[PDB]
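The residues making up each chain are set out below.
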Amino acid sequence: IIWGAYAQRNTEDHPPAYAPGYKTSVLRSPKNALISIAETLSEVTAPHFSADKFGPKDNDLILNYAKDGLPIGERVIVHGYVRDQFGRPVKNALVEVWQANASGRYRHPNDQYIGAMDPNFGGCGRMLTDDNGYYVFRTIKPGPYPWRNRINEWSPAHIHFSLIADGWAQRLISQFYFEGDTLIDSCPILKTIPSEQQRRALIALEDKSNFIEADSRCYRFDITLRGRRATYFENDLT
Amino acid sequence: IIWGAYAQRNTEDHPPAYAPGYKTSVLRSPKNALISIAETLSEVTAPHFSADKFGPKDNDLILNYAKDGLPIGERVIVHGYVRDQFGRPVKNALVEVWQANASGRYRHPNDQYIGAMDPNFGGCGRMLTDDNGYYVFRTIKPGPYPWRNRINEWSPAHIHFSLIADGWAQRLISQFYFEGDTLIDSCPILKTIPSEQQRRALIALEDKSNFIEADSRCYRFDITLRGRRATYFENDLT
Amino acid sequence: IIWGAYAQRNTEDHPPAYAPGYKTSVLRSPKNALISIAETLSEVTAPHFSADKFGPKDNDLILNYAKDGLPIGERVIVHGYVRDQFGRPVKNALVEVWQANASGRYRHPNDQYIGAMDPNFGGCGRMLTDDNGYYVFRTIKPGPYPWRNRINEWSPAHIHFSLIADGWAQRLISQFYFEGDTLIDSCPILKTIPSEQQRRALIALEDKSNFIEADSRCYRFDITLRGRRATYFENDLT
Amino acid sequence: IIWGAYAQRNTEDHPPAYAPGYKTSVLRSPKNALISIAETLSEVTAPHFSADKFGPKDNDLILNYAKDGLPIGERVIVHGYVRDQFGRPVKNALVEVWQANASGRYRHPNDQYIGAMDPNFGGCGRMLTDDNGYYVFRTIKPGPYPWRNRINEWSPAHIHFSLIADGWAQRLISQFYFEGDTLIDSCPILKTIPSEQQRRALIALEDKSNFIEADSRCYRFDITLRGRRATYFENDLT
Amino acid sequence: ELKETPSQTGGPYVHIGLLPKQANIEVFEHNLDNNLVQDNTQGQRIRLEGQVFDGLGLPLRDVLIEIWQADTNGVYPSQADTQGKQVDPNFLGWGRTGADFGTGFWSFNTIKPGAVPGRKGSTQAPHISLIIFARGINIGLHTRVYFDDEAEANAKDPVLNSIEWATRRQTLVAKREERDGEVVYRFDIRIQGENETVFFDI
Amino acid sequence: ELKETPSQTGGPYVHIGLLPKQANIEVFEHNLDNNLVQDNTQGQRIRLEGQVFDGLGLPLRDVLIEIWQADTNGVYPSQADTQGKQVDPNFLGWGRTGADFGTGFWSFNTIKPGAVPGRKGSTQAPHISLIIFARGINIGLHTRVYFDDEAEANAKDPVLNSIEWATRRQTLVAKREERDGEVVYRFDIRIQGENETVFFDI
Amino acid sequence: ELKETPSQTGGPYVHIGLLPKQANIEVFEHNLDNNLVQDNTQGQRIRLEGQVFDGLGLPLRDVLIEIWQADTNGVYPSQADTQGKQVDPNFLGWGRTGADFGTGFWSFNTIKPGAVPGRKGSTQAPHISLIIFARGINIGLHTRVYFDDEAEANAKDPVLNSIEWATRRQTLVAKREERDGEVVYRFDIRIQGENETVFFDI
Amino acid sequence: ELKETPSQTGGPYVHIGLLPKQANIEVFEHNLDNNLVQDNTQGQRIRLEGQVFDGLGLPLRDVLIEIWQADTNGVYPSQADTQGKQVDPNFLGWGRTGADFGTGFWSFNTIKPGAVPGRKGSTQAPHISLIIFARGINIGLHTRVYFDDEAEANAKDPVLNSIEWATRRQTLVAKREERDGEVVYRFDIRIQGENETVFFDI
Ligand SMILES: [Fe+3]
Ligand SMILES: [Fe+3]
Ligand SMILES: [Fe+3]
Ligand SMILES: [Fe+3]
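Residues numbered from 1 in each chain as written, not as in the entry; some residues may be left out. Chains lettered and ligands numbered in written order. Part of a larger assembly, values for the part shown. Heavy atoms only, no water.

Its PDB header names X-ray crystallography as the technique used to obtain the model and reports a resolution of 1.8 Å.

You'll find chain E entered in the PDB entry as PROTOCATECHUATE 3,4-DIOXYGENASE ALPHA CHAIN, with Acinetobacter calcoaceticus given as the organism. In its Function section, UniProt records this for chain E: "Plays an essential role in the utilization of numerous aromatic and hydroaromatic compounds via the beta-ketoadipate pathway." The UniProt entry for chain E carries this comment under Sequence similarities: "Belongs to the intradiol ring-cleavage dioxygenase family." (UniProt positions renumbered as here; feature names shortened; annotations may be inferred.)

The PDB entry lists chain A under the name PROTOCATECHUATE 3,4-DIOXYGENASE BETA CHAIN, with Acinetobacter calcoaceticus as the source organism. Per UniProt, the comment on chain A under Pathway is "Aromatic compound metabolism; beta-ketoadipate pathway; 3-carboxy-cis,cis-muconate from 3,4-dihydroxybenzoate: step 1/1." UniProt, in its Subunit section for chain A, records the words "The enzyme is an oligomer of 12 copies of the alpha and beta chains."

Asks: Kindly report on the coordination of the iron ion (ligand 4), identifying the contributing residues and their values.
Replies: Residues and elements named next belong to chain D. Protein ligation of the iron ion (ligand 4) involves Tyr106 (OH), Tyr145 (OH), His158 (NE2) and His160 (NE2), the donor distances falling in the range 1.8 to 2.2 Å. Around the iron ion (ligand 4), the four donor atoms sit at angles spanning 86 to 168 degrees, and that spread fits a shape best called irregular. Donor residues binding the iron ion (ligand 4) come from one chain and are separated in sequence as Y-x38-Y-x12-H-x1-H. Separated by 54 residues along the polypeptide, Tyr106 in the loop between β4 (94–98) and β5 (124–128) and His160 in strand β9 (residues 158–164) bring together distant segments of the chain. Pair check on accessibility: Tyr106 and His160 agree, each one buried. (Donors = N, O, S within 2.8 Å, 3.2 Å for Na, K, Ca; no water. Tetrahedral: all angles 85-135°; square planar, octahedral: opposite > 155°, others 65-115°. Helix = DSSP H or I, 4+ residues; strand = E, 2+ residues; numbered from the N terminus. Buried < 20%, exposed > 50% of the residue type's maximum accessible area, 1.4 Å probe, protein only.)

Asks: Give me the relation of the copies chain D and chain A: which residues, what numbers.
Replies: Mapping chain D onto chain A calls for a rotation angle of 120 degrees and an axial translation of 0.0 Å; the resulting RMSD is 0.0 Å. Such a combination of turn and shift is consistent with a three-fold rotation axis. If distances are taken from each C-alpha of chain D to the rotation axis, the shortest is found for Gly87 of chain D, at 11 Å. (Least-squares fit on C-alpha atoms.)

Asks: Describe the UniProt feature "binding site: 3,4-dihydroxybenzoate" in chain E, with residues and values.
Replies: In the numbering used here, UniProt assigns the feature "binding site: 3,4-dihydroxybenzoate" to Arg135 of chain E. With respect to the helices, strands and loops of the structure, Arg135 of chain E is situated in the loop between β6 (127–133) and β7 (141–147). When sequence neighbours within four positions are dropped, the list of residues in contact with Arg135 of chain E reads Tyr22, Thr24 and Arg28 of chain B, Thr9, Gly11, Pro12 and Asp62 of chain E together with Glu164 of chain G. (Contact = heavy atoms within 4.5 Å.)

Asks: Could you give an account of the coordination of the iron ion (ligand 1), with specific residues and numbers?
Replies: All names here are of chain A. Within the first shell, the iron ion (ligand 1) binds the protein through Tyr106 (OH), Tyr145 (OH), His158 (NE2) and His160 (NE2), at distances of 1.8 to 2.2 Å. Its four donor atoms give the iron ion (ligand 1) angles of 86 to 168 degrees at the centre, a pattern that matches the irregular case. Donor residues for the iron ion (ligand 1) sit on one chain with the sequence pattern Y-x38-Y-x12-H-x1-H.

This is the structure:
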């Protein structure tokens, strides 16, 4: 198999840069249209991270920052598969995640919300997907939180995530929400996404058969990245 | 106005005593049918509690047990109206509430769930309804929790409540859930209720216009008790 | 009752500042997003106007400018209620109105439309709402008129109105239309409103039971302003 | 992969022990609720049976009891896959089957139905599933039969089956029916199953492409057993 | 018209909200309890005690009980009492207790109530209204406690006579005992099985 | 719950209903105007004036402006003021004016307001709340006017400090001038473009 | 995800498929039976016997029983056993039998199992897992058999201690007897009624 | 076929997950950073620094930047590189940094990349691929950094020549400076307005 370029990003499946309902995008979006280029080796390559450097608790947000007890909050496992748009598994991709604690408070110098800080919770983790594209991490479910867009804006609970995979063109940062959160229908950041089916692609689903008795609930969330086409005739990449 | 008896409890609007899906009801339900009686002064009277005895923080579960900081979790206000079945407001009724903390852990000697205890949260409060039947309290939203019925049983988040109002016949204890919780469709205790419309009568609704910016969300939950009929002819109560 | 801030204005329920179909908005709309602030005493207070200053004909547009006869046109009474978003009546609010005459001609130096001027009609009135939030005025129904947006633009008949009520945050100017006017479906100014249900909130309804025989028709039009939340815990307004 | 416990049996997907329409269940069902336990090595292990002990005709009910001719009746092949609830194949599981002959008569001392016995048919077989979870056996289609529940009760044609697989918790005995049998809608034993979709999970389907010309028809029937969850954090099984 | 909010079990942790001191939570200054006798309360002091048993004959160690009763003259301390009589001013008429976690015993300190008017001019025998809440119990179970030393009044009681299976009437009569000076009435409640206690839909 | 009635532009003829004298209509005996100073009004008299410019830098010659402010002691003449302080009894706190049809200039005669409490115990710097209505403007635009001679108070103002793009804060400060005895504050509003004035959603 | 195939009663003729020799069908050369002891099997030989009774106290004469147990060192002969210990190589760990058609008696010849690890580092007392299938029984009923001569180990067993109604724990203890040299454990199962045997959802 | 998961802004707290040390969280032993130079890394060491400005010309003080580049011989340290050449074994090719919270300055320590093959036999001029994530930015913005001392190679670069508005090509050229021995390339990014930096859809 000789790989060709990644399929073009479908701009209609993502939010636009300029989205006036999310106020800070007004001064942080370009006025010019993006310039599309034909891909080169630069766009189809990406770095490799070795599992050797990762700690044993890097994907366990319940224990990785715990000092003298456990963090307060709802114990949950999140797992799923990362695939490319042609359904192929994405192997050894770097998944980094971050989130607020159970109060909706982020452990960050710029977050001064009154929601209480939890001395035993940090809110960040990472892991590499396996050969089947599978990933799993454990954490405390985050609480929704208020932020200033309109004065009484509130975001539904969410976990932020980032992926660095096989090609630089696949680079993506997004966030997923939890099935049934009533704030999903009100969020201006989620509403920057044009279509209802793509807004639904960010909702993690309750996975009841995988709950662990007297311990933790479980949510299922799959991620899809751009995929490469195979070449059978001229290969102009180089 | 001369008051007569309370209208009969509609047994089809409540769970049955024997409900095999909730295992502990099998040995704790009578085998005989209840004996219905005609009401007397005993059933239409009830005690009166004075607001004088209540503390200033008795309806503030965020601060009433706080020692050296705030409890961890989602800040929420819950409010609503208590009415009788004929729509009349229920005034000066005693509403007592209790719940688990943000981890789904109850502050009780018999709860040993691994969900973490929160040193600044107690989980109980009380208040009297006002002349319009209105009540309001503030708390941390409780987390769902596992319990042993089937081995992997989980209850959706809920706040337990109790009401002592104008007549002993109105005595009621129940619990309300939060709009959108996906565990509501799976709970064997909620499923002891026969009808879908009554299961829905226990769901508190998101009240977005009453959220407090950069502070707390708000849920609306009304409660309906049995009501007395007025008498215009013979009054046989006495 | 201790009042807290007004609920946040729902921007999705109003037109956007920039609406290219209404041409003059292109150079008169800010490019930056509005900055939302937390309310202070400045935003929750407003002036008080005394009924003592008002003339006996200030709400009677049929007679308040009449000199040697009555104005020509369709005699109509318009009445309704002003409430806040929580349904509470808005008492003693200043309602000011203005409109074109029966020809669609405004009594203004800058209106040169060929529709004829009516020597006995002025086109402005005012009144204060009563304790139930009720208001009533009498006038001549205005005629629709052409204006230059696209060259053949026509607006359906409408009466402009302004309200100064209890808080500066409630300050509002809008206009209402009359049930059945076919131009309502074509107006670019009405189409700046996003949703169909809000466009319908500006339509006054025929109120046949309140027509006065051999005299005047009647239209019903209610107005809703922003409402204040009550506070039961911390009061940070001051 | 470190295996954890089997997912909990969903009691709502099976018949209840007490089902008064199946009369013999009235005295053979416990009055107490089952006690759910957390699984140990005892519940997740099971015996292994070697294919070496099995005869060449153990899965051929047409020939395994034939003495001086072939059994009378409809020649059919039944095949399918055994999977766990997560879709994984169940390998080397022991499947044992039994059934009445073409007359609806069982070869058992306690069956005295007038339907004729067939000297060349026994009615029992067994096989182990292969690595893909596949199984196949050949037999004579059984006839429906009368039995005493109500006096004129009749069961649709069925083949009884039993599975011993990887964990004792998966132990199951049931029976499957044949597509289109009109008695399926009347059977009190099939009606002990609560839901229509689970009643349908016991119906074997006609598999026309797999019929063998001038020889035998074919039915397709898959079986699903409980499945184990994988563990990625604490493993408390031991 | 509206339907009553449906009942749900109080559950095993009902103590947190209704008897916090039993769950070791000190958050209220005034705590509701099982002592209905104040220093100036009128009437004869009595102790009411017993256990609640399940269908296996085992006691419920997590049950919560409340009682409601009239004062010594048979007047209820409620605005809904229409007798036009003055009620004892130092009497709440209600109390709440929880069974002990290890033994299942429960008790109340109260006074023996006076007789209360029944319907249509009748007189009810002295009684205390009692309700039970616990894990496994979906709707609070209502019953009444009558006194064995009021046989004459019990024989004429309208509610007891309204139970047509006469042998069951005795499950509602508590037994008087005198533990060195103190009068005690023992009332065991059997939720299910033989001698099952009568429960009412009131 | 109900949704707020949606806004619509006041349009080019807004004067008819709100400033009839500017449209040459005499129908009211008492006309609302731009003079907030009565003979007994307390405080220092100041004149507030400026122009409103569109995106081409041209003035709006049909804009209508209103202002709302506290008295000299920072008390609002509104029942919603909770300071418990007596307000100047000869002060409406509000006025309305229209830009001149030929030049676009607008002005108000008022007094310099005193400082008003902010949230959570803070103090706001002296300011006047202002709103703009005109053809082309779909919803009245809210802004505030602060005074350049109150630099100390402005530097600590909660609302000004809540604007994270600091360079924009200066668009809200009017410039003090003294036209022979009279104190004048010039405040030009730029709806769009460079140095665009900050507008608030209040 | 898929739902488990629903259970159905094995019915009165379950012997045809699972114990053909009891239904007088000779079709298999190797027949599964109730003898778990092979010549080289390690451990003490014991006989397990009893009857299964219905709600009228009558024995089930058509019930089929299977048992699953560890070897003498408490290791299961299953690939799913994770102890890392060698299991007795001459032990299947499972057997099946049917009650006699006339008396309802059933028995197994097996060995007494060794203790098996429980969860979280605990140790379970010696036990045999048992399941019952029969006409009238819609889903096989699971129970466990413990031994009365292992009182010390039974008192610390996690599963027995997880039954909160303590009086029911004794229904799971079989009684040791010694029929001239042979050790026999009698375990009667009562499906319904008084002393009903505990059944588990495993 | 599946659709790509939609992008969402990284938000103001993106540091928690991607640069925890900047948010004062010590939880990882190995932290990803902005230093791509290891002791044995080949090539000339250079520093890349600048600021990212918004539409008001103010710097973004919460932006996160990553870069991806080839080694000194123009080979990428990725299995997807098909040149058949050996890559520097002591070079990750990627780094991540965050703008300083008070000044908005960001920098990387890396080496100057060698030229990489372009499509159809062409040669690309030396460049570094860069992406920007921040509050207000819904999808990471991709751009490239070229070097002003490679004018000859830049004039023939396929991607730069594919920008038809030639005046915009210069926004992608960083300026070389030499801070006492060290080579520094200054590359300021202007998200919006005059001299807006070219962003690519790659
Ligand atoms: Fe976030
Ligand atoms: Fe609960
Ligand atoms: Fe108009
Ligand atoms: Fe059968």
